[PDB]
Amino acid sequence: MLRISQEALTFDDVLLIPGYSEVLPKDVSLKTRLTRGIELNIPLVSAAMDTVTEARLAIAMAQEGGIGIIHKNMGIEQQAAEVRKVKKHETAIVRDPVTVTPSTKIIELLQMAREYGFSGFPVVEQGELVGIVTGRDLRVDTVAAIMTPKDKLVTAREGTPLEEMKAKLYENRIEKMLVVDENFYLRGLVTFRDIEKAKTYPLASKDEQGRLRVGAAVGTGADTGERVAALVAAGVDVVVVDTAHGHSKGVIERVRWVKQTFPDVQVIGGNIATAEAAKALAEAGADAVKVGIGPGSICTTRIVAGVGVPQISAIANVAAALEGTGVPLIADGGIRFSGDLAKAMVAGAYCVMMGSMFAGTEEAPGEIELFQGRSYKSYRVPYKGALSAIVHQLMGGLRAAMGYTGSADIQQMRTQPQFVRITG
Amino acid sequence: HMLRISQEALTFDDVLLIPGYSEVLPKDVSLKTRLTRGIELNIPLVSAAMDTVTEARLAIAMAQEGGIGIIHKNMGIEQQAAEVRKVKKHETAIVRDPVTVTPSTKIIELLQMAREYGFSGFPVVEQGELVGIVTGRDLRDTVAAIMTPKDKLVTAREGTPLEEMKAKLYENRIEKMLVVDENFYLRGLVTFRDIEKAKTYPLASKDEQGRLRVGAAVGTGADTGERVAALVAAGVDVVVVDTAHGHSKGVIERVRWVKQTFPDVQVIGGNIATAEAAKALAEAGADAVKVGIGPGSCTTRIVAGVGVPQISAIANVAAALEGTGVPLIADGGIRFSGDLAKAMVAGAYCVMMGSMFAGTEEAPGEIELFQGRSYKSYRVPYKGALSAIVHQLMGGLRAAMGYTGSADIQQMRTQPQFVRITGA
Amino acid sequence: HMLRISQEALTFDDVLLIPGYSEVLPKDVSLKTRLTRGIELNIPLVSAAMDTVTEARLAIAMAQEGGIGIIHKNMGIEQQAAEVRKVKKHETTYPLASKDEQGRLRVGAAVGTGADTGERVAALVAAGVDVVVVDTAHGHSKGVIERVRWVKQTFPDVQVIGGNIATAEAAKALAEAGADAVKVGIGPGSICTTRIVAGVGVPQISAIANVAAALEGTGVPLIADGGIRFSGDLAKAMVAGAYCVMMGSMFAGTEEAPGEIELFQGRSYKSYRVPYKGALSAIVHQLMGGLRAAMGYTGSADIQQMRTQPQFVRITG
Ligand SMILES: N#CC1=C(N)Oc2[nH]c(=O)[nH]c(=O)c2[C@H]1c1ccc(Cl)cc1
């Protein structure tokens, strides 16, 4: 009559068994799904923690091929403004160049040149590009009289490949070129030198319009309705309804409201740890579920409430419940090493959320502080350098595990390899 | 016969500064001092000639902070001289080694060069003399046909202040300017925007030609003459004849040889720890001496049983050099900014730091992540940017000078007093 | 031009009190002393103007035991005046209570030298503060000397304390500025930040003796601030010359000190973490118990005798 549901296993209870392998670790595919509608080139998402994910680290996550969830320990307007920073991050073209209008007085243009130099001011009339003003133009009353007019401009259409533009610069013997839309409205500016140095991120997570992807977290408190609406107006790709107990009337209804009110935004629900919670979130319309309740030993949930589910079994039970639905599941918590990340994938996660592991990187919030001959971030977290090096080690280990199991892609890794149970 | 004990010698922990009447705030005291007969420093900091501490990149940062670095000698002659050159030739905004063409270069070849460097301009040189530029506009046979001629060139003579160049760029309504010398040989290329965005270092240690100062270490082995001559030709400001036992025929003669052979370069000898050694190096021609033999529980003491506690060594050397105009550099034994203050009051003109600068961003080595922490690899903790440590060390010195009522380094060295304390 | 050592300077662990012929029981000696020219105390104990030690509640306890508290200044002007007013208006019977002419419990308050100091002093004086403690890291300075002169001239009916100092010359300079007492202690402890960051300090036994000799015959008391770990050190500070001793951290965590009691891993702490230490009176009782035993050992019937007659031995490691 002691109601024991099952024996539940954690990461240290299992090991992956090697299997026949034909694909080298460097050649396997890591592509996966965050939600019904969002694909990621690596199975990594950064946690909505105020020591982990603000705009800077979310941009870096998306560039690596995963995604960041911006934390909610801030005001509604600030959270939306963080989303905007990610959506607006552009790698090559310059979007807000300093312009003037035909009516601008040359006296005023010369004042702006004390800060900006003489490389050239675009001339705009209500967003229409009508010419450019160069220092050479000032060298041979309003800029309408001296500007180079529209029929001498060399421009590139918005959306032209960055390598087609470099070629047009060369053909025209120019270094700068203005970018316009179909109607000759100014849309930005590219430089030959800036295309050359333009670091590129071929794995970047991008939406259908080419902008970096980003998520944002919300609770179930009173202003959630207004926070979700601001995040959606900002272009957020995914809203994470994120509480300690996702299997609750509060979370289920908030997920339903988001899915009914903002049908075209992805919604994740959690956290959960059972098949039946997974089903309740799927039926409320969740586009993905986040798995993890007291996943680690000695941890407030276990010590204070005696509640928790070992994370291997929690992941496997959720994956079993969702097989066929099309709803991914994100493993949240208990990963301390890359080996644990590989086990979470074989147990059925579609990808993995990391938190404190990313805290203290250069891209995470906080300022670098020198303490007692050591580096910390303060707001005392040790300073960890660039996020790319951590991502590289994690994905390096996952690739290694896919080599040992003969898994050529994530779908195989999630469904084919086997564990052994060990004793310690 | 009896036990030949010369004196009781005090180290840093034996003494404390007595507070005195003060009416100058720490932020307002002057830290200006002298490294040698002929080199002034804005802060009394010198980075040590260690191969985990001082190569070009850290030497540049030390000089910009107002101190100086001694480039280490654990490298070949030509490699050390190249490190000197990188410091002597470092510039904020002026691009050096620009891609050039000649008046005879064929326009076909220039177009091939533009594929990689783009347009915006190739200086035209004729055996190093500047005779024109080729811009994209000039292209819309040979470069001499199309090149903009010498008389259309806006040039500034090298060594002009940056704000001076920035003004000339403004006056002529251009973005690029060429830097020339007395005979119009090309020296570099500077742009308005590179100047507007360059960091200024108002405290920088510079020579009479405006170049960052640097020193370099030599020993007494057989290739020392060749090494010294290569360092002098590279522009080194000071040669440090740097051995474990400065009070020796080999160091004394090598200091003398440097002073007689290279009259125009400053020479430091060391290390020493007695009045007698101080007089011997000053008589040999040294422009400063370096103090420190076995300053605290180290290899010299354990292996050879040799050393002089550093407070007494500094004061003994200081008394021996009083009235000679030869400064002394305290080297070794400084754990804390408080020890640096004590060294100054005992008579040092400045302090050499070693391993405290190891592991900074600018120090040699690469950053690695190990166990959620950051180190420098070549096993040292990553300490962040040099300026943080420098700021801490000088902040403590400033506080000591506030406590002693010292308004400048000269007062700090000659007026304040110590108490001798017990082990208790 | 040799190394400029003014003297060897001794701390508490360098010295011990020598027993002397004795005729008084510890239970019978007198502990009365002065805090300032105009303020007597029945025990020579002062609580520190630290935000972990002295707000109104602990100043109230201190004055009831016969000492006094200095309210800290890490708070607003009106707030700190409110704290002073709480003490002056409080009636709990307590036979040793430190009280002013009106029968109100005595209290002090700290101020600095920054910009708003003039308004802070004015507000504290109007709340009834008994003594203004002009309290900086470096009392031998233009700022402190001029502020104590300003207080003595603008508010001649309050007592003024200046510090901290550690030399004879600084003591005489504060006295000439009008100080009613000086506070002694610059870098008193082995690992002061002062010592580590600036290399500055004076071991406290020598600092106290030097300041006491400089103020002899002036009527200006001196308060030993810092370095007291045990009641034995308190005894030594009195024999070196102090009139009373100021405790800080040792009072932190008492029931009366600021902060909120919290339970962490089966232990109690004050949540601002320091351990919970129970009632202040037990600590004050142990300290005065140790001092009474020292006076019994040395033969001192009262504080004047304890400050002037007994001798130290110097000891080694
Ligand atoms: N000196 C000069 C210049 C002259 N004469 O022409 C122009 N015409 C412009 O329109 N902008 C310019 O910035 C310049 C500068 C220039 C200097 C060096 C290079 Cl490599 C390229 C250009």
# chains A, B, ... in the order shown; residues from 1 in each chain; ligands from 1

$ select_by_dssp --residues "range 195-387 of chain A" --states "strand (DSSP E)" --output "PDB file with N, CA, C and O atoms, in the first residue's frame"
ATOM      1  N   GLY A 215      13.852  33.718 -27.808  1.00  0.00           N
ATOM      2  CA  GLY A 215      12.707  33.488 -26.957  1.00  0.00           C
ATOM      3  C   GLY A 215      12.689  34.437 -25.763  1.00  0.00           C
ATOM      4  O   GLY A 215      13.650  35.144 -25.472  1.00  0.00           O
ATOM      5  N   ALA A 216      11.558  34.435 -25.062  1.00  0.00           N
ATOM      6  CA  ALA A 216      11.399  35.222 -23.851  1.00  0.00           C
ATOM      7  C   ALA A 216      10.516  34.455 -22.868  1.00  0.00           C
ATOM      8  O   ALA A 216       9.603  33.730 -23.265  1.00  0.00           O
ATOM      9  N   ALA A 217      10.789  34.627 -21.580  1.00  0.00           N
ATOM     10  CA  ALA A 217      10.060  33.929 -20.531  1.00  0.00           C
ATOM     11  C   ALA A 217       8.962  34.807 -19.942  1.00  0.00           C
ATOM     12  O   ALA A 217       9.076  36.040 -19.896  1.00  0.00           O
ATOM     13  N   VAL A 218       7.884  34.150 -19.495  1.00  0.00           N
ATOM     14  CA  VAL A 218       6.813  34.796 -18.737  1.00  0.00           C
ATOM     15  C   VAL A 218       6.355  33.834 -17.652  1.00  0.00           C
ATOM     16  O   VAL A 218       6.595  32.626 -17.713  1.00  0.00           O
ATOM     17  N   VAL A 238       9.433  32.755 -29.709  1.00  0.00           N
ATOM     18  CA  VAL A 238       8.833  31.750 -28.838  1.00  0.00           C
ATOM     19  C   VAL A 238       8.659  32.343 -27.441  1.00  0.00           C
ATOM     20  O   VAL A 238       9.560  33.007 -26.922  1.00  0.00           O
ATOM     21  N   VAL A 239       7.477  32.131 -26.858  1.00  0.00           N
ATOM     22  CA  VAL A 239       7.146  32.552 -25.497  1.00  0.00           C
ATOM     23  C   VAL A 239       7.203  31.322 -24.609  1.00  0.00           C
ATOM     24  O   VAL A 239       6.541  30.319 -24.897  1.00  0.00           O
ATOM     25  N   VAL A 240       7.984  31.377 -23.539  1.00  0.00           N
ATOM     26  CA  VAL A 240       8.131  30.245 -22.625  1.00  0.00           C
ATOM     27  C   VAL A 240       7.307  30.532 -21.376  1.00  0.00           C
ATOM     28  O   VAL A 240       7.660  31.409 -20.578  1.00  0.00           O
ATOM     29  N   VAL A 241       6.196  29.817 -21.204  1.00  0.00           N
ATOM     30  CA  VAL A 241       5.415  29.934 -19.972  1.00  0.00           C
ATOM     31  C   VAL A 241       6.080  29.028 -18.943  1.00  0.00           C
ATOM     32  O   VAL A 241       5.961  27.808 -19.007  1.00  0.00           O
ATOM     33  N   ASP A 242       6.781  29.628 -17.994  1.00  0.00           N
ATOM     34  CA  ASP A 242       7.893  28.988 -17.292  1.00  0.00           C
ATOM     35  C   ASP A 242       7.659  29.077 -15.786  1.00  0.00           C
ATOM     36  O   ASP A 242       7.946  30.117 -15.187  1.00  0.00           O
ATOM     37  N   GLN A 266       5.080  30.745 -31.268  1.00  0.00           N
ATOM     38  CA  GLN A 266       5.368  29.475 -30.614  1.00  0.00           C
ATOM     39  C   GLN A 266       5.301  29.628 -29.092  1.00  0.00           C
ATOM     40  O   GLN A 266       5.750  30.632 -28.528  1.00  0.00           O
ATOM     41  N   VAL A 267       4.735  28.624 -28.428  1.00  0.00           N
ATOM     42  CA  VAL A 267       4.619  28.604 -26.979  1.00  0.00           C
ATOM     43  C   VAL A 267       5.199  27.315 -26.441  1.00  0.00           C
ATOM     44  O   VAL A 267       4.822  26.225 -26.888  1.00  0.00           O
ATOM     45  N   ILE A 268       6.070  27.442 -25.443  1.00  0.00           N
ATOM     46  CA  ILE A 268       6.582  26.324 -24.654  1.00  0.00           C
ATOM     47  C   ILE A 268       5.962  26.381 -23.261  1.00  0.00           C
ATOM     48  O   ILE A 268       5.815  27.469 -22.682  1.00  0.00           O
ATOM     49  N   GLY A 269       5.636  25.219 -22.698  1.00  0.00           N
ATOM     50  CA  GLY A 269       5.106  25.140 -21.343  1.00  0.00           C
ATOM     51  C   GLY A 269       5.969  24.283 -20.435  1.00  0.00           C
ATOM     52  O   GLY A 269       6.585  23.313 -20.879  1.00  0.00           O
ATOM     53  N   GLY A 270       6.002  24.641 -19.152  1.00  0.00           N
ATOM     54  CA  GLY A 270       6.709  23.842 -18.162  1.00  0.00           C
ATOM     55  C   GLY A 270       6.791  24.572 -16.839  1.00  0.00           C
ATOM     56  O   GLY A 270       6.161  25.610 -16.642  1.00  0.00           O
ATOM     57  N   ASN A 271       7.564  23.996 -15.919  1.00  0.00           N
ATOM     58  CA  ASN A 271       8.246  22.713 -16.114  1.00  0.00           C
ATOM     59  C   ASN A 271       7.379  21.517 -15.684  1.00  0.00           C
ATOM     60  O   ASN A 271       6.508  21.660 -14.824  1.00  0.00           O
ATOM     61  N   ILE A 272       7.642  20.337 -16.259  1.00  0.00           N
ATOM     62  CA  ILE A 272       6.885  19.114 -15.992  1.00  0.00           C
ATOM     63  C   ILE A 272       7.847  17.939 -15.831  1.00  0.00           C
ATOM     64  O   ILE A 272       9.059  18.055 -16.045  1.00  0.00           O
ATOM     65  N   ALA A 288       5.904  22.912 -27.478  1.00  0.00           N
ATOM     66  CA  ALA A 288       6.988  22.151 -26.874  1.00  0.00           C
ATOM     67  C   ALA A 288       6.776  22.198 -25.365  1.00  0.00           C
ATOM     68  O   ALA A 288       6.057  23.064 -24.853  1.00  0.00           O
ATOM     69  N   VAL A 289       7.373  21.240 -24.662  1.00  0.00           N
ATOM     70  CA  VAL A 289       7.309  21.198 -23.203  1.00  0.00           C
ATOM     71  C   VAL A 289       8.729  21.187 -22.665  1.00  0.00           C
ATOM     72  O   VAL A 289       9.637  20.638 -23.300  1.00  0.00           O
ATOM     73  N   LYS A 290       8.917  21.777 -21.478  1.00  0.00           N
ATOM     74  CA  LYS A 290      10.211  21.797 -20.803  1.00  0.00           C
ATOM     75  C   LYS A 290      10.199  20.822 -19.623  1.00  0.00           C
ATOM     76  O   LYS A 290       9.340  20.918 -18.739  1.00  0.00           O
ATOM     77  N   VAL A 291      11.167  19.906 -19.599  1.00  0.00           N
ATOM     78  CA  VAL A 291      11.201  18.804 -18.646  1.00  0.00           C
ATOM     79  C   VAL A 291      12.223  19.070 -17.559  1.00  0.00           C
ATOM     80  O   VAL A 291      13.407  19.284 -17.852  1.00  0.00           O
ATOM     81  N   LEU A 329      10.410  18.124 -26.770  1.00  0.00           N
ATOM     82  CA  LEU A 329      10.615  18.273 -25.337  1.00  0.00           C
ATOM     83  C   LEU A 329      12.048  18.713 -25.081  1.00  0.00           C
ATOM     84  O   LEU A 329      12.987  18.169 -25.664  1.00  0.00           O
ATOM     85  N   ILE A 330      12.195  19.704 -24.215  1.00  0.00           N
ATOM     86  CA  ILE A 330      13.460  20.337 -23.883  1.00  0.00           C
ATOM     87  C   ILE A 330      13.861  19.873 -22.488  1.00  0.00           C
ATOM     88  O   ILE A 330      13.082  20.016 -21.542  1.00  0.00           O
ATOM     89  N   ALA A 331      15.060  19.317 -22.362  1.00  0.00           N
ATOM     90  CA  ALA A 331      15.560  18.863 -21.069  1.00  0.00           C
ATOM     91  C   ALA A 331      16.189  20.031 -20.307  1.00  0.00           C
ATOM     92  O   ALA A 331      17.147  20.646 -20.782  1.00  0.00           O
ATOM     93  N   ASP A 332      15.672  20.308 -19.114  1.00  0.00           N
ATOM     94  CA  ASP A 332      16.056  21.477 -18.318  1.00  0.00           C
ATOM     95  C   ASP A 332      16.537  21.045 -16.926  1.00  0.00           C
ATOM     96  O   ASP A 332      15.728  20.836 -16.019  1.00  0.00           O
ATOM     97  N   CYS A 351      16.329  18.690 -27.280  1.00  0.00           N
ATOM     98  CA  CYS A 351      17.520  19.468 -27.006  1.00  0.00           C
ATOM     99  C   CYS A 351      17.531  19.774 -25.520  1.00  0.00           C
ATOM    100  O   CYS A 351      16.670  19.314 -24.761  1.00  0.00           O
ATOM    101  N   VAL A 352      18.512  20.564 -25.118  1.00  0.00           N
ATOM    102  CA  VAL A 352      18.884  20.713 -23.725  1.00  0.00           C
ATOM    103  C   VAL A 352      19.061  22.189 -23.399  1.00  0.00           C
ATOM    104  O   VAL A 352      19.685  22.938 -24.163  1.00  0.00           O
ATOM    105  N   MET A 353      18.523  22.601 -22.255  1.00  0.00           N
ATOM    106  CA  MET A 353      18.701  23.948 -21.728  1.00  0.00           C
ATOM    107  C   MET A 353      19.821  23.971 -20.692  1.00  0.00           C
ATOM    108  O   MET A 353      19.845  23.146 -19.775  1.00  0.00           O
ATOM    109  N   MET A 354      20.755  24.904 -20.851  1.00  0.00           N
ATOM    110  CA  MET A 354      21.857  25.117 -19.912  1.00  0.00           C
ATOM    111  C   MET A 354      21.678  26.457 -19.214  1.00  0.00           C
ATOM    112  O   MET A 354      21.288  27.449 -19.840  1.00  0.00           O
ATOM    113  N   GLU A 367      29.502  42.455 -14.960  1.00  0.00           N
ATOM    114  CA  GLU A 367      30.770  43.081 -15.292  1.00  0.00           C
ATOM    115  C   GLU A 367      31.908  42.220 -14.759  1.00  0.00           C
ATOM    116  O   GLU A 367      31.772  41.554 -13.727  1.00  0.00           O
ATOM    117  N   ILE A 368      33.030  42.224 -15.482  1.00  0.00           N
ATOM    118  CA  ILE A 368      34.197  41.484 -15.018  1.00  0.00           C
ATOM    119  C   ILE A 368      34.829  42.220 -13.846  1.00  0.00           C
ATOM    120  O   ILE A 368      35.024  43.439 -13.882  1.00  0.00           O
ATOM    121  N   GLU A 369      35.161  41.470 -12.811  1.00  0.00           N
ATOM    122  CA  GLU A 369      35.682  41.982 -11.562  1.00  0.00           C
ATOM    123  C   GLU A 369      36.911  41.165 -11.204  1.00  0.00           C
ATOM    124  O   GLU A 369      36.903  39.931 -11.311  1.00  0.00           O
ATOM    125  N   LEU A 370      37.971  41.854 -10.820  1.00  0.00           N
ATOM    126  CA  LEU A 370      39.174  41.208 -10.329  1.00  0.00           C
ATOM    127  C   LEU A 370      39.064  41.159  -8.813  1.00  0.00           C
ATOM    128  O   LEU A 370      38.922  42.208  -8.175  1.00  0.00           O
ATOM    129  N   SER A 375      39.334  36.190 -11.576  1.00  0.00           N
ATOM    130  CA  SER A 375      38.328  36.902 -12.360  1.00  0.00           C
ATOM    131  C   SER A 375      36.935  36.378 -12.052  1.00  0.00           C
ATOM    132  O   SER A 375      36.696  35.161 -12.096  1.00  0.00           O
ATOM    133  N   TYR A 376      36.013  37.302 -11.787  1.00  0.00           N
ATOM    134  CA  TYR A 376      34.617  36.978 -11.528  1.00  0.00           C
ATOM    135  C   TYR A 376      33.737  37.911 -12.337  1.00  0.00           C
ATOM    136  O   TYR A 376      34.183  38.954 -12.820  1.00  0.00           O
ATOM    137  N   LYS A 377      32.484  37.528 -12.501  1.00  0.00           N
ATOM    138  CA  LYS A 377      31.475  38.495 -12.905  1.00  0.00           C
ATOM    139  C   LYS A 377      30.683  38.895 -11.669  1.00  0.00           C
ATOM    140  O   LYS A 377      30.331  38.049 -10.839  1.00  0.00           O
ATOM    141  N   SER A 378      30.457  40.194 -11.520  1.00  0.00           N
ATOM    142  CA  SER A 378      29.638  40.704 -10.440  1.00  0.00           C
ATOM    143  C   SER A 378      28.448  41.460 -11.025  1.00  0.00           C
ATOM    144  O   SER A 378      28.449  41.847 -12.199  1.00  0.00           O
ATOM    145  N   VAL A 381      30.368  35.107  -9.474  1.00  0.00           N
ATOM    146  CA  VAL A 381      30.478  33.997 -10.423  1.00  0.00           C
ATOM    147  C   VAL A 381      31.858  34.040 -11.078  1.00  0.00           C
ATOM    148  O   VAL A 381      32.288  35.119 -11.515  1.00  0.00           O
ATOM    149  N   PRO A 382      32.574  32.915 -11.166  1.00  0.00           N
ATOM    150  CA  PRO A 382      33.871  32.911 -11.857  1.00  0.00           C
ATOM    151  C   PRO A 382      33.722  33.250 -13.332  1.00  0.00           C
ATOM    152  O   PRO A 382      32.731  32.900 -13.976  1.00  0.00           O
TER     153      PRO A 382
END

$ residues_near_ligand --ligand "ligand 1" --cutoff "7 Å" --atoms "only C-alpha atoms and all ligand atoms" --output "ChimeraX atom specification"
/A:134-136 /B:120-123,133-135,148,152-155,174-178

$ residues_around --residues "residue 76 in chain C" --least-positions-apart "2" --cutoff "12 Å" --atoms "only C-alpha atoms" --output "ChimeraX atom specification"
/C:71-74,78-83,111,116-117,119-120,123-124

$ write_last_selection --atoms "N, CA, C and O atoms" --output "compact mmCIF listing (two decimals), in the first residue's frame"
# COMPACT_ATOMS: atom_id res chain seq x y z
N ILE C 71 25.52 56.29 17.62
CA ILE C 71 24.69 55.93 16.48
C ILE C 71 25.45 56.19 15.18
O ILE C 71 26.06 57.25 15.01
N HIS C 72 25.42 55.21 14.27
CA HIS C 72 26.16 55.28 13.02
C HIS C 72 25.50 56.24 12.03
O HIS C 72 24.33 56.61 12.18
N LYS C 73 26.26 56.64 11.01
CA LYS C 73 25.79 57.65 10.07
C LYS C 73 25.55 57.09 8.68
O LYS C 73 25.36 57.86 7.73
N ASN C 74 25.52 55.77 8.52
CA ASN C 74 25.14 55.16 7.25
C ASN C 74 23.62 55.11 7.13
O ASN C 74 22.99 54.06 7.06
N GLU C 78 17.53 62.81 8.70
CA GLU C 78 16.33 62.74 9.54
C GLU C 78 16.22 61.37 10.21
O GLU C 78 15.76 61.27 11.35
N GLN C 79 16.65 60.31 9.52
CA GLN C 79 16.61 58.99 10.14
C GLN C 79 17.51 58.95 11.38
O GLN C 79 17.09 58.51 12.45
N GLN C 80 18.76 59.43 11.24
CA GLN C 80 19.70 59.36 12.35
C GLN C 80 19.25 60.23 13.52
O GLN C 80 19.40 59.84 14.69
N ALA C 81 18.70 61.41 13.23
CA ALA C 81 18.09 62.21 14.28
C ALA C 81 16.95 61.47 14.96
O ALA C 81 16.77 61.55 16.18
N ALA C 82 16.13 60.75 14.18
CA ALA C 82 15.06 59.96 14.78
C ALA C 82 15.63 58.95 15.78
O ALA C 82 15.09 58.78 16.88
N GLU C 83 16.73 58.29 15.42
CA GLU C 83 17.34 57.33 16.33
C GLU C 83 17.78 58.00 17.62
O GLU C 83 17.50 57.50 18.72
N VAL C 111 29.41 61.65 12.69
CA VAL C 111 29.32 62.43 11.47
C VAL C 111 30.67 62.36 10.79
O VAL C 111 31.68 61.98 11.39
N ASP C 116 27.21 67.48 3.43
CA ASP C 116 26.01 67.77 4.22
C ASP C 116 26.25 67.72 5.74
O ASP C 116 25.27 67.75 6.51
N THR C 117 27.50 67.68 6.19
CA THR C 117 27.78 67.45 7.60
C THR C 117 27.17 68.53 8.49
O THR C 117 26.67 68.24 9.58
N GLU C 119 24.41 70.19 8.25
CA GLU C 119 23.00 69.92 8.52
C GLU C 119 22.83 68.68 9.39
O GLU C 119 21.90 68.63 10.20
N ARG C 120 23.68 67.67 9.22
CA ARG C 120 23.58 66.50 10.08
C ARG C 120 23.87 66.85 11.53
O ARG C 120 23.15 66.42 12.43
N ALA C 123 20.98 68.68 13.02
CA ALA C 123 19.81 67.86 13.26
C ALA C 123 20.01 66.99 14.49
O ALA C 123 19.09 66.81 15.30
N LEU C 124 21.23 66.45 14.64
CA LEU C 124 21.57 65.65 15.81
C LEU C 124 21.53 66.50 17.07
O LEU C 124 21.00 66.07 18.11

$ interface_residues --of "chain B" --to "chain C" --cutoff "8 Å" --atoms "only C-alpha atoms" --output "PyMOL selection string"
chain B and resi 16-23+312+315-316+318-319+322+336-339+341-342+346+396-397+399-400+403+416-424

$ residues_around --residues "residue 213 in chain A" --least-positions-apart "3" --cutoff "10 Å" --atoms "only C-alpha atoms" --output "PyMOL selection string"
chain A and resi 38+40+58-59+61-63+65-69+83+86-87+204-208+210+235-238

$ interface_residues --of "chain A" --to "chain B" --cutoff "6 Å" --atoms "only C-alpha atoms" --output "PyMOL selection string"
chain A and resi 118-119+135+173-175+374-375+384

$ atom_distance --atom1 "CA of residue 169 in chain A" --atom2 "CA of residue 105 in chain B"
22.3 Å

$ closest_residue --among "A:177, A:47, A:21, A:105" --to "residue 333 in chain A" --atoms "only C-alpha atoms"
A:47

$ residues_around --residues "residue 154 in chain C" --least-positions-apart "5" --cutoff "10 Å" --atoms "only C-alpha atoms" --output "NGL selection string"
:C and (118 or 121-122 or 148-149)

$ atom_distance --atom1 "CA of residue 125 in chain C" --atom2 "CA of residue 157 in chain C"
9.1 Å

$ atom_distance --atom1 "CA of residue 164 in chain C" --atom2 "CA of residue 135 in chain C"
6.5 Å
